[PDB]
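Chemist: Below is the structure I would like to discuss, written out as structure tokens.
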Amino acid sequence: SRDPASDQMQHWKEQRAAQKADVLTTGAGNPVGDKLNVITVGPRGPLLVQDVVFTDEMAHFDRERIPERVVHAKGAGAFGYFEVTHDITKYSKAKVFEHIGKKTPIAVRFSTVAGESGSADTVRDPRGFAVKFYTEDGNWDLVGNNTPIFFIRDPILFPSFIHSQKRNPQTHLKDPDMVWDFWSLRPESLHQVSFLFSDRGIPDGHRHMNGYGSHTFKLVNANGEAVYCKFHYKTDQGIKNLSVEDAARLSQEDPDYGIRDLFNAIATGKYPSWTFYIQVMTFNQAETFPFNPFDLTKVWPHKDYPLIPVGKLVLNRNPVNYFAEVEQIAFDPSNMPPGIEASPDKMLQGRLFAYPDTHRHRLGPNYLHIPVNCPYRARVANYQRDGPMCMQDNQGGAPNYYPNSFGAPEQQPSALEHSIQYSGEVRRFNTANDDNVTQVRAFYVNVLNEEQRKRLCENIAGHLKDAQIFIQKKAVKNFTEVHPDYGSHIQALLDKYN
Amino acid sequence: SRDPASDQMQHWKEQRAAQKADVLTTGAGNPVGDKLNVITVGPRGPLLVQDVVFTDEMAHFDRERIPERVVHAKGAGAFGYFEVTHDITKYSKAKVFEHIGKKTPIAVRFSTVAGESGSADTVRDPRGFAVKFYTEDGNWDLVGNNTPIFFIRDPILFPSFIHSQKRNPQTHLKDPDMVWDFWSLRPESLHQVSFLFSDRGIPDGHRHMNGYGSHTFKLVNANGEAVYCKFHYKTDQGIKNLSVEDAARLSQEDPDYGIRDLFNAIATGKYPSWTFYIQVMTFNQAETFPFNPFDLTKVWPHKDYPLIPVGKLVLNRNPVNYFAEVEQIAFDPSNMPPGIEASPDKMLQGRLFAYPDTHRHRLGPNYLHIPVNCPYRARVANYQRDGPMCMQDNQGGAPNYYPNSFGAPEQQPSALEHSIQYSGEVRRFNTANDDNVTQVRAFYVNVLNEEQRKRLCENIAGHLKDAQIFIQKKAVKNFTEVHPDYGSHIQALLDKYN
Amino acid sequence: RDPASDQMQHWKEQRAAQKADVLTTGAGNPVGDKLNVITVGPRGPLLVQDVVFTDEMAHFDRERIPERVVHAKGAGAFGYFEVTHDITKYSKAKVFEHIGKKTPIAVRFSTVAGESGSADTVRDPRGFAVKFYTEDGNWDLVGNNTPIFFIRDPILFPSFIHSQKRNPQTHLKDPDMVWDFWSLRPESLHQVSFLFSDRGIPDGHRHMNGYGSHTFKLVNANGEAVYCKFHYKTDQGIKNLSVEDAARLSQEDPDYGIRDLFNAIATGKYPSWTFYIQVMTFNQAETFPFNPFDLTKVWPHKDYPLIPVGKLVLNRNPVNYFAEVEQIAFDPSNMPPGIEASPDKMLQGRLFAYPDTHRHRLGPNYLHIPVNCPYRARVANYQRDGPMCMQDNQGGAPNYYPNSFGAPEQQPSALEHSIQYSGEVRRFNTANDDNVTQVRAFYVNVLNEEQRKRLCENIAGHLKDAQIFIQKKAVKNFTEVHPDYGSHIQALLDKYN
Amino acid sequence: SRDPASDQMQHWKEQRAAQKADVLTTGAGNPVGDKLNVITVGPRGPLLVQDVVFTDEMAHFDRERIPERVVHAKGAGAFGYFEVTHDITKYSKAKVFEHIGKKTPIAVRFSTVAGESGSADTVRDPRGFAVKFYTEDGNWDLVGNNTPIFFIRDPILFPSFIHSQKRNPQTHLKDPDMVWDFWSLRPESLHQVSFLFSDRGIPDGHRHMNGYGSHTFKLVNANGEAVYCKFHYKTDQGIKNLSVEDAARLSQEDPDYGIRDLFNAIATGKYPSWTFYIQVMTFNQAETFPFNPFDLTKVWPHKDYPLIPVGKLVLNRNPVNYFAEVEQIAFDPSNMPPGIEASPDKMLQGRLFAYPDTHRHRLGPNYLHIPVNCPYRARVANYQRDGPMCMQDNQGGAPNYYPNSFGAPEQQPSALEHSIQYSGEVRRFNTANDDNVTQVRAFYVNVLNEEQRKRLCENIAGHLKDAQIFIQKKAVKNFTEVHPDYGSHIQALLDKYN
Ligand code: HEM
């Protein structure tokens, strides 16, 4: 017998040893006599409409596909739990943190970003690391990435950015001109691009990478005080990356390497886990931070903002039905329980709207009714009703209007969001020149070593070489601004390729 | 205090007297601090995207509506059961009738035909009387009307007919020219038209009308022997209609009369019931039938095909949430368990396709998952998977292909459909010219007395008068063919109106 | 008979000599016979080979789309807008750029609660949405036949609507729901008073006024901004329907409004409205006795006189109601340079809702629908794909911005007007803002003895079916408006009970 | 400069060198002032709903995706024309064949089968070769493959088959057990499986493979005489295949190799073309045929049924916008003009419903309104109306019902389908046991040479080795029935891999 993943059916069959097989039926529960032949008028006669068994089955088959996630299409999933290991109640009143030892069920989905559903796992691309906490105060979705930062600092460019990362609207081909025209034109990307083209650009499976909330968030405590925070979840399996050669080879031998790896890890009991930490920055600290504490292209230096342990994330359960538990899963950053709130980070602010929006499309108006999306650890009650595919009792006959003198659900004052005062004009503040290099310099010079700097360049050049000369120069100019050697080294490599 | 219906909220409140109101939450189950004021910058400042509570509720509100039924849009719903009173196992083997005293849960929806959701109940129009039986062999939908016949005998004319019965494509107004041009051009309608324009055209509520399967179906017993049949469910509350005047008055005073009546009736304990009967024609009789036994414009004279008592239909339960239980309910005539099958009635044949098709549209691909539509008294097991809003376990990790050697669901021979021999050309056989007057003549002369015949002509005249003269002439020519008196009486009336 | 009734006859005549076109499937395949399906033998079963059938049936099975969540019942027409006065000092919007300038428009009138098959002549406010196809993109002025509204915060809308519609269980209209809500939210008094007055049931769409209702902002070439109110008065005059008549018409002709408008236009009696605006400077807004952005308040014409701008003329009926009316979509957010929103919470909420609901009711690419596309402007951006992409998807143009390949460029002059606000970012309760003053002035001055009487009996007529306690809560609110208002009402309730 | 494909944007640019860039607008046509920054209160404040520019663009981005084709998701498209070169009007009256020299615009889409959108092109899997002829009598969709046969012969087994070719429902991976269990259990597949694992299993791009309608169709002439036929379109570029190694390499170096190849060829004037042929069989021959002429697992021996030249298929136009022209395109086998009809081939009979059914799903009710699918060379006139995204004048105020006395479209008597006499029971006849080996043996023995047989076996064993031994045994037994050397060779190889 092979790996647990390939023995799926066998095991399933074996689990129903002394069991009689179920009667094959139509979607309406009507028993089927022969689902192996269609109804024709005579052996060599035409098909009949009366064959509803056929139609019923075919019609469903003709409808099993839904739109894939506009981004992070390709992915994997697992379930497990979150466990509180440390007291951070002085920062957040969130029930999910209330007591050390408290466990909250979680659902996770790892994923690449650019490729569609049939693309490979072992390719350079950041990785999605979404977490769904089913808490008593509703679901908390920490839709993070394997990176603490991102390519841009303003939501309105995301569509374009994604467009540049995807296929040429006409040829339907990946287009390095698109990729680098955008990147060279928008140097804020410089930070994430460096991360991207480094060794961590292609993690060895999902268990060997870190997770981050990336954006700065706000934590409010029982007394109502509030501080800003960052979420970090380090792999307990340790960071491990794939060499470009192996990544390339595997992308050929097993496009689903990531899915397979995870399933077998859990299937054999090697349950992966991550240690959950947070970074805290008081309003006063934020005021004097050397950068914009909400700029997604920046990080909070550990030296200045030490990691504060919070708990453990553990995945011990594989999905039973991928489509139902993984494909259909939906995470909304806007899903925050009392104690956790949003920060003025423009990128975040954007995602606040986008996620429920896209879900209403990809999945449907009542996507939250879907089992894996349902906040089963909370009592959903409100004045919302109906909608396509209303799968529950639709809250029965409870009064559907607020306020009302008939005892329908009431709002609880203690759940009010924290309020801060802001000043200045209401307009479009440009942020294209918000220091696009400083931290990148620190990364290149202080974080990486010679060996790694070499590879990073080789990686950037290997792809960049296919872009037009003028783009190459533009890109290189920005790289030179990060550090002279960074740009020069790349250029040299380009010279050879060209 | 008032009618049970009007006291709806009051009761709900009373039933929950001793308990505390639920906590108002968003869709993701997050508690809400204030759902009465949105978030703004300062008292008179703009709105924030951060106010997801707002967006969450609005977004759902924005999506409450689903496509109303393409026909029979306005209706009422209720629940109860069907009880077998007589043994007809010698004709059918369907579990629904397996033994006297057996009870099967039922769902029923009454409706008009042409009008849209906000139309009145008390208007001349046939009435929908659909029943859903939750059988062990899956669901059985007996989608019937309050008439044993219909206006046309070929499905391909249905869309047209319906169009002629709805609004003018440009003015969006009802159009007597459209209605009568079709009817006058298509005389098969004479029969039903006559029935529609009689006192039965406006039933006093849904409790005082009969129900019919209309089409000729086929029953199969345990020996494999089959026969054709008709279904009839006579009102035990007795036939009762509304006068033209009262209906007109009611349409204005209470457009929802039927809904109110039914709800209250049940709410007060006066559960309505119908005696279920069947007619039976052997294959031999089918050969000697003076007309086409599968012609939806023909009836089986009670004289030669006596009604056979089978059981009772009982509605003892009001819906709890209209949208979820009535609006979303779907009936498919194709849903027939072993022991009950379709006949070659072209109309029925067409219906075998239409319903599940249209349901996949207004409700959705997995419309059968919806609670009210689920065949909860049977275990649904097959090789159908995925699809939008797949609210279930999607049958987990079970093998998804048939055949398979891993224990998945199996076809059951006993459930094989009965088969009839057929020979001939595969083409479009015209039926426009089948008998369109004989049975109509019987109805006019015999089923109706002088008072009724008078009213019928007035009703027709009252409406036909607004059609152009040529149309009037054509239409009068048809009636005259049924009977000189019929044609003349109408013309006499038309002359006066003109 | 009337033009409407002759719709088909005229179509037939319009061709006259012409033979009929060939009947084809959706794929354009000619149909041999569309009156009989394919069976095996005269009395045999139906074949799947009959695709002509399936083709037609399948489409029929999908004819419907969700009716508008509200204002489902309506009527439409088209025409134009003509500038007659120069207000370029207040707005640089191209629609007003010059006296005599004509811009095509699209209008849809509607009721509110009732669904698609409900009657026209019922008490309810009336939607008066206008779509301007300008060179600077479409401008949707989504108005009502009233200057005010029942609430001042958006988060209460879904709730209000619910109360106005059917009970969730019985599916019936519930006066308890209606009044419990109103009685609990007295800010509704103003509009409620308007609703139960003679204007409650206009005599058709041609005899009522149109209002932008909300406070908006105009911006001129110099970058100077002012607040405004859009008003469009019927040139056919205000004409209402007595309850008795409305009732009868609701039975006799549930579509009286649709027929009336159609026949009017079909017979050359093109209806028109005179477009006006009220203006308030930023400083005036500082001293206004109430929140100038409160949707339950009006700007006294006495302190803010109407300034004529142009005319609104409807002279073209729809050719296909579905395609041209049912599918039409108005987005309050559709405002060209020169016209912007004000901080009116309600409006702010609508900015979001309409396009949102539209993607649901019509689809992602609902702007590609003929009646909905800005045909007077050239759409060029980085938006691509999505369901039913009916244009050319902007061909092979670079789909990312910025780009070095000549794709569309933003134009600075289009930047919105920037104001500087302050205060904490939170939910500021507004339930206690003045809820009576203007209402009292409506009852005392806008109305006369007869109107007040009717108003009271109309309210009583409906309010009497609600539970006594709600009746009490309601009357109390009315009494705060005016003692006689409350007293007259209660007296009537007393007889009813 | 590089390959035309990669110079996409630059050429687009240059073609507009002589004109100012268009004004960036909202979807509503409202000019945008700054689409690079969102509106916020202050430099570090939250996002406002007022920013409709952001929402507008974002909302659409959120809806870019639609469901990918349930099968043949990965594909490439091109446009060109069909030109008649010989006369077959004695066989068919179809307008597309009426005269030599007649050209007809065509749309074509190539594809794989099992893989999803982000999958590699150069893989072992059949190839879709669909053609759409925009004819005066409407569109004609000849939805063929690069093979004259298929794995199964009955429609109802299709979903299963596909399911077995795709991912495991739980693990979401490819499953050789699923793949081979089905095939081994259904020996009908032998023939097509043999083709699949032959050298033509991986053609060198789309230009070096053939195309066939596979199904037996029916042709009717101007005299009403009918015959049966097959459609073959041989590549004028010649058969050229890729070795496993290469396909493996390319699938990594360039997953879209197919797309690129096709694009560049057309872009550089090397327009690919195919010679269109037909085989004919008379009704009398249909009776003397050794097998069921309508059996999709059977071919018509060239010797007995010679190829008859008809015309040429030429492709000279690349898509301008892939999504709008390729992703959205739709082919319906049921789209057949007078002169061309369906045969009693079950598989075909099934496809007759599936295609337009699945299109109403992945595209929409009005999917025929999409330009590329619109039958622009014909005048669409009927009684159909409304429906989501009705992008037309909806046939204006024309009478929507048939028949009518108002001059609306009329049916054309000369468009009636040719009728055939049939006789038999309306039932499910089994076909699993028709001949599953003879024609397969011929291919192995007479068509293939030694080294070709060798490779064939190596490819089969190379995949099958990962299935459960018992599956291997059944499979081998099947291959042995075809020929001893076939099974023995494969077993020999299996023994080594194990
Ligand atoms: C009864 C068996 C079959 C069924 C039910 C079936 C069903 C389907 C479905 C549902 C699609 C996707 C349609 C879409 O999303 O546009 C499809 C596509 C396709 N099938 Fe079939 N198929 C069957 C047999 C075949 C056969 C035998 C052929 C070739 C002769 C064929 C060739 C293709 C091709 C070429 C496509 C892709 C069309 C495109 O490029 O858009 N199919 N099939």
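Naming scheme: A, B, ... for chains in displayed order of the structure tokens; residues 1 onward per chain; ligands 1 onward as shown.
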Please give me, as a list in words, the residues lying within 6 Å of ligand 1 when counting only C-alpha atoms and all ligand atoms.

Modeler: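 Written in the requested form, the residues are residues 62 of chain A; 69, 70, 71, 72, 109, 110, 128, 129, 130, 143, 144, 145, 150, 155, 158, 213, 214, 330, 331, 347, 348, 350, 351, 354, 355, 358 and 359 of chain D.
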
Chemist: May I have the selected residues written with N, CA and C atoms, as a compact mmCIF listing (two decimals), in the first residue's frame?

Modeler:
```txt
# COMPACT_ATOMS: atom_id res chain seq x y z
N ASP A 62 -23.82 19.10 -15.56
CA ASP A 62 -23.66 20.32 -16.34
C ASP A 62 -23.54 21.55 -15.45
N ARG D 69 -15.43 25.71 -18.14
CA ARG D 69 -16.13 24.60 -18.77
C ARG D 69 -15.98 23.38 -17.90
N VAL D 70 -17.06 22.63 -17.71
CA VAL D 70 -17.01 21.44 -16.88
C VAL D 70 -15.92 20.48 -17.40
N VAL D 71 -15.67 20.54 -18.71
CA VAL D 71 -14.63 19.75 -19.38
C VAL D 71 -14.05 20.58 -20.53
N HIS D 72 -12.83 20.24 -20.95
CA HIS D 72 -12.14 20.96 -22.02
C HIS D 72 -11.98 22.39 -21.56
N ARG D 109 -12.10 26.27 -31.45
CA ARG D 109 -11.49 26.22 -30.14
C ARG D 109 -10.89 24.84 -29.94
N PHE D 110 -9.62 24.81 -29.54
CA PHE D 110 -8.90 23.57 -29.28
C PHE D 110 -8.79 23.44 -27.79
N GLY D 128 -9.92 18.56 -27.91
CA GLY D 128 -11.18 19.04 -28.45
C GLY D 128 -10.86 19.86 -29.68
N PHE D 129 -11.67 19.70 -30.72
CA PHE D 129 -11.47 20.45 -31.95
C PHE D 129 -12.87 20.82 -32.40
N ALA D 130 -13.39 21.89 -31.82
CA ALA D 130 -14.75 22.35 -32.10
C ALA D 130 -14.80 23.43 -33.16
N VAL D 143 -18.95 19.97 -33.03
CA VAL D 143 -18.12 19.80 -31.84
C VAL D 143 -17.36 18.48 -31.85
N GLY D 144 -16.24 18.44 -32.55
CA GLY D 144 -15.47 17.21 -32.63
C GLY D 144 -14.23 17.10 -31.77
N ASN D 145 -13.53 15.98 -31.91
CA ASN D 145 -12.29 15.73 -31.19
C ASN D 145 -11.20 15.36 -32.17
N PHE D 150 -14.64 7.37 -29.03
CA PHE D 150 -14.64 7.78 -27.63
C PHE D 150 -14.57 6.58 -26.68
N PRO D 155 -24.42 7.78 -22.99
CA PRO D 155 -24.40 9.09 -22.31
C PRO D 155 -24.40 9.09 -20.78
N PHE D 158 -21.16 9.11 -18.91
CA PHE D 158 -20.26 10.23 -19.10
C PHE D 158 -19.81 10.93 -17.81
N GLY D 213 -15.80 14.45 -36.41
CA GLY D 213 -17.06 14.71 -35.74
C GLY D 213 -17.34 13.50 -34.85
N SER D 214 -16.57 12.43 -35.06
CA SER D 214 -16.68 11.17 -34.33
C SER D 214 -18.00 10.47 -34.57
N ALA D 330 -19.34 29.29 -27.27
CA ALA D 330 -20.14 28.12 -26.93
C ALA D 330 -20.58 27.35 -28.15
N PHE D 331 -20.36 26.05 -28.12
CA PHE D 331 -20.73 25.19 -29.22
C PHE D 331 -21.84 24.24 -28.76
N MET D 347 -24.74 8.59 -27.48
CA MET D 347 -23.80 9.62 -27.03
C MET D 347 -24.19 10.97 -27.57
N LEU D 348 -24.46 11.00 -28.87
CA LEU D 348 -24.86 12.22 -29.55
C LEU D 348 -26.19 12.68 -28.98
N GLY D 350 -27.42 12.32 -26.29
CA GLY D 350 -27.18 12.94 -25.00
C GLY D 350 -26.59 14.33 -25.11
N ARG D 351 -25.53 14.48 -25.91
CA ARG D 351 -24.89 15.78 -26.09
C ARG D 351 -25.90 16.81 -26.55
N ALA D 354 -27.16 18.30 -23.20
CA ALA D 354 -26.07 18.81 -22.36
C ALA D 354 -25.52 20.20 -22.67
N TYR D 355 -25.00 20.37 -23.88
CA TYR D 355 -24.39 21.63 -24.26
C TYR D 355 -25.19 22.90 -24.02
N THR D 358 -25.61 23.30 -20.24
CA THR D 358 -24.47 23.77 -19.47
C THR D 358 -24.15 25.22 -19.79
N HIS D 359 -24.53 25.68 -20.98
CA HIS D 359 -24.27 27.05 -21.37
C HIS D 359 -25.17 28.04 -20.67
```

Chemist: List as CSV every residue of chain A that is in contact with chain C, defined as an atom at most 7 Å from one of its atoms (using only C-alpha atoms), together with the nearest atom pair and the distance in Å rounded to one decimal, sorted by chain and then rising number.

Modeler:
```
residue,atom,partner,partner_atom,distance
A:46,CA,C:47,CA,6.9
A:47,CA,C:48,CA,5.8
A:48,CA,C:47,CA,4.8
A:49,CA,C:48,CA,5.3
A:160,CA,C:400,CA,4.2
A:161,CA,C:400,CA,6.7
A:163,CA,C:400,CA,5.9
A:164,CA,C:400,CA,6.0
A:169,CA,C:396,CA,5.8
A:170,CA,C:396,CA,5.2
A:181,CA,C:403,CA,6.3
A:182,CA,C:403,CA,6.3
A:185,CA,C:402,CA,6.9
A:397,CA,C:169,CA,5.0
A:400,CA,C:162,CA,6.4
A:401,CA,C:159,CA,4.3
A:402,CA,C:159,CA,5.6
A:403,CA,C:181,CA,6.5
A:404,CA,C:181,CA,6.3
A:405,CA,C:180,CA,6.9
A:419,CA,C:425,CA,5.5
A:420,CA,C:424,CA,5.3
A:421,CA,C:424,CA,4.0
A:422,CA,C:422,CA,6.6
A:423,CA,C:422,CA,5.8
A:424,CA,C:420,CA,5.7
A:425,CA,C:420,CA,3.8
A:426,CA,C:418,CA,5.6
A:427,CA,C:418,CA,5.5
```

Chemist: Please check the contacts: residues of chain D at most 6 Å away from chain A, using only C-alpha atoms, listed as number ranges by chain.

Modeler: D: 37-43, 45-47, 54, 62, 65-67, 116-119, 156, 169-170, 252, 320-322, 344, 349, 358, 424-430

Chemist: Run DSSP on the backbone and grab whatever in stretch 172-278 of chain A lands in strand (DSSP E or B); send it over as number ranges by chain.

Modeler: A: 174, 203, 211-212, 217-220, 226-235, 241, 273-278

Chemist: Restricting the output to N, CA and C atoms, write the selected residues as a JSON list (two decimals), in the first residue's frame.

Modeler:
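To be explicit, this is the file written out as again.json:
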```json
[["chain", "number", "residue", "atom", "x", "y", "z"],
["A", 174, "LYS", "N", 1.19, 34.52, -19.86],
["A", 174, "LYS", "CA", 1.84, 35.26, -18.79],
["A", 174, "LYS", "C", 2.66, 36.25, -19.60],
["A", 203, "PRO", "N", 8.11, 27.80, -0.95],
["A", 203, "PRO", "CA", 8.14, 27.00, 0.28],
["A", 203, "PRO", "C", 8.01, 25.52, -0.02],
["A", 211, "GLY", "N", 3.08, 32.48, 8.70],
["A", 211, "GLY", "CA", 1.83, 33.13, 8.35],
["A", 211, "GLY", "C", 1.81, 34.48, 9.03],
["A", 212, "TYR", "N", 1.18, 35.47, 8.40],
["A", 212, "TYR", "CA", 1.10, 36.80, 8.97],
["A", 212, "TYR", "C", -0.22, 37.43, 8.63],
["A", 217, "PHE", "N", -3.58, 45.83, 12.97],
["A", 217, "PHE", "CA", -4.95, 45.74, 13.45],
["A", 217, "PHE", "C", -5.06, 46.45, 14.77],
["A", 218, "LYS", "N", -6.28, 46.63, 15.26],
["A", 218, "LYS", "CA", -6.48, 47.31, 16.53],
["A", 218, "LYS", "C", -7.10, 46.35, 17.54],
["A", 219, "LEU", "N", -6.55, 46.33, 18.76],
["A", 219, "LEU", "CA", -7.05, 45.47, 19.82],
["A", 219, "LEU", "C", -7.62, 46.37, 20.89],
["A", 220, "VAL", "N", -8.81, 46.06, 21.37],
["A", 220, "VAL", "CA", -9.45, 46.86, 22.42],
["A", 220, "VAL", "C", -9.69, 45.97, 23.61],
["A", 226, "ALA", "N", -7.34, 50.90, 23.67],
["A", 226, "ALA", "CA", -6.97, 50.27, 22.41],
["A", 226, "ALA", "C", -5.51, 50.46, 22.02],
["A", 227, "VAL", "N", -4.96, 49.44, 21.38],
["A", 227, "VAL", "CA", -3.59, 49.48, 20.90],
["A", 227, "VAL", "C", -3.61, 48.85, 19.52],
["A", 228, "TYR", "N", -2.59, 49.15, 18.72],
["A", 228, "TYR", "CA", -2.49, 48.58, 17.38],
["A", 228, "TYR", "C", -1.64, 47.32, 17.48],
["A", 229, "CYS", "N", -1.87, 46.39, 16.56],
["A", 229, "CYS", "CA", -1.15, 45.13, 16.60],
["A", 229, "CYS", "C", -0.88, 44.53, 15.23],
["A", 230, "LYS", "N", -0.02, 43.52, 15.24],
["A", 230, "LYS", "CA", 0.37, 42.77, 14.05],
["A", 230, "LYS", "C", 0.23, 41.33, 14.49],
["A", 231, "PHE", "N", -0.16, 40.44, 13.58],
["A", 231, "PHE", "CA", -0.31, 39.03, 13.90],
["A", 231, "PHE", "C", 0.76, 38.23, 13.20],
["A", 232, "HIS", "N", 1.39, 37.31, 13.93],
["A", 232, "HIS", "CA", 2.42, 36.48, 13.34],
["A", 232, "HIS", "C", 2.23, 35.04, 13.78],
["A", 233, "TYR", "N", 2.36, 34.11, 12.84],
["A", 233, "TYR", "CA", 2.26, 32.71, 13.19],
["A", 233, "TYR", "C", 3.38, 31.91, 12.53],
["A", 234, "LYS", "N", 4.43, 31.69, 13.31],
["A", 234, "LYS", "CA", 5.62, 30.97, 12.88],
["A", 234, "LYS", "C", 5.42, 29.47, 12.80],
["A", 235, "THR", "N", 5.94, 28.86, 11.74],
["A", 235, "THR", "CA", 5.84, 27.41, 11.58],
["A", 235, "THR", "C", 6.66, 26.70, 12.63],
["A", 241, "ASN", "N", 12.65, 25.59, 2.17],
["A", 241, "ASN", "CA", 12.31, 26.02, 0.83],
["A", 241, "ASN", "C", 12.79, 25.07, -0.25],
["A", 273, "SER", "N", 1.77, 22.65, 13.16],
["A", 273, "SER", "CA", 1.32, 23.67, 14.07],
["A", 273, "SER", "C", 2.15, 24.92, 13.91],
["A", 274, "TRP", "N", 1.58, 26.03, 14.34],
["A", 274, "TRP", "CA", 2.26, 27.31, 14.28],
["A", 274, "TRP", "C", 2.08, 28.00, 15.60],
["A", 275, "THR", "N", 3.09, 28.76, 16.02],
["A", 275, "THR", "CA", 3.00, 29.49, 17.26],
["A", 275, "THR", "C", 2.51, 30.88, 16.90],
["A", 276, "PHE", "N", 1.42, 31.27, 17.55],
["A", 276, "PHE", "CA", 0.77, 32.54, 17.31],
["A", 276, "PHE", "C", 1.26, 33.67, 18.20],
["A", 277, "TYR", "N", 1.80, 34.73, 17.60],
["A", 277, "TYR", "CA", 2.28, 35.87, 18.37],
["A", 277, "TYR", "C", 1.63, 37.15, 17.85],
["A", 278, "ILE", "N", 1.83, 38.24, 18.58],
["A", 278, "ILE", "CA", 1.33, 39.55, 18.18],
["A", 278, "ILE", "C", 2.39, 40.59, 18.52]]
```

Chemist: With distances taken over only C-alpha atoms, which of D:80, D:105, D:462, D:148 is nearest to residue D:301?

Modeler: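 Going through D:80, D:105, D:462, D:148 one by one, the smallest distance to residue D:301 is for D:148.
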
Chemist: Please report the interatomic distance between atom CA of residue B:240 and atom CA of residue B:453 in Å with one decimal.

Modeler: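 These two atoms are separated by 17.5 Å.
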
Chemist: Which residues in stretch 217-406 of chain D does DSSP call helix (DSSP H, G or I)? List them as number ranges by chain.

Modeler: D: 244-253, 257-267, 283-288, 322-327, 346-362, 367-369

Chemist: Could you tell me how far atom CA of residue D:87 lies from atom CA of residue D:310, in Å and to one decimal?

Modeler: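 Atom CA of residue D:310 lies at a distance of 6.7 Å from atom CA of residue D:87.
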
Chemist: Write out as a ChimeraX atom specification each polymer residue whose atoms come within 10 Å of residue C:496, counting only C-alpha atoms; drop sequence neighbours fewer than 2 positions from it.

Modeler: /C:460-461,463-465,490-494

Chemist: Which neighbours of stretch 228-242 of chain C fall inside 7 Å, counting only C-alpha atoms, when residues of the same chain fewer than 3 positions from it are skipped, and could you give them as a ChimeraX atom specification?

Modeler: /C:198-199,201-203,206-218,245-246,271-280

Chemist: Just to confirm, what's the straight-line distance from atom CA of residue C:366 to atom CA of residue C:331 in Å (one decimal)?

Modeler: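 These two atoms are separated by 11.4 Å.
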
Chemist: What lies within 9 Å of residue D:22 using only C-alpha atoms, ignoring chain neighbours under 4 positions off, as an NGL selection string?

Modeler: :C and (378-381 or 406-410)

Chemist: Taking only C-alpha atoms into account, which of A:17, A:223, A:243, A:446 comes nearest residue A:93?

Modeler: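 For residue A:93, the nearest of the candidates is A:223.
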
Chemist: Set the distance at 6 Å and use only C-alpha atoms: which residues neighbour residue B:415 once local chain neighbours fewer than 5 positions away are removed? I'd like the list as a list in words.

Modeler: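 Listing them by chain and then by number gives residues 31, 32 and 33 of chain A; 338 of chain B.
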
Chemist: Applying 10 Å and only C-alpha atoms, which residues near residue C:122 remain after dropping the ones on its own chain fewer than 6 positions away? List them as a list in words.

Modeler: residues 111, 112, 113, 114, 200, 201, 202, 241, 243, 246, 247, 249, 250 and 254 of chain C
